[PDB]
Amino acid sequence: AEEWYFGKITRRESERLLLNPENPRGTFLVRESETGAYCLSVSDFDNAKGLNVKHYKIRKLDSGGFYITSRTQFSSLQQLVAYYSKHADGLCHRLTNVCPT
């Protein structure tokens, strides 16, 4: 889709948005790599940090495939997002909600 793609937003700006207290665990957004790669930022919770944000680097295979882990690849970012919204499979939490505002 297009709604979860926040483009050129910084890491700190994405964290300010994801730290929203009304955000369910697993709220996310995809952005451009700040450090042509992408990044999946997801909200999470634990007692030590409270609400926090995890950042996953979306890498590209030399053959043309998007991936975060070393056993799963996707033909597009939409397919990657669809996959992780159904299965956590290595991520802190599965994707549950597109980040508001």
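Here the rigid core means the biggest group of C-alpha atoms that line up within 1.5 Å when the two forms are laid on top of each other. Counting begins at 1, following the sequence as shown.
- Using the rigid core as the fitting frame, the root mean square C-alpha deviation in 6 other deposited structures of this protein is greater for 65 to 73 than for the other of 52 to 60 and 65 to 73.
- Per the record, residue 35 and residue 36 are separated by 1 to 3 deposited residues that are missing from the model.
- Relative to one another, 55 to 63 and 39 to 47 have unequal mean CA B-factors, and 55 to 63 is the one with the higher figure.
- Averaged over their C-alpha atoms, the temperature factors of 18 to 26 and 74 to 82 are higher for 74 to 82.
- Per the deposited record, the Cα B-factor of residue 92 falls in the middle third when ranked against the other modelled residues of its chain.
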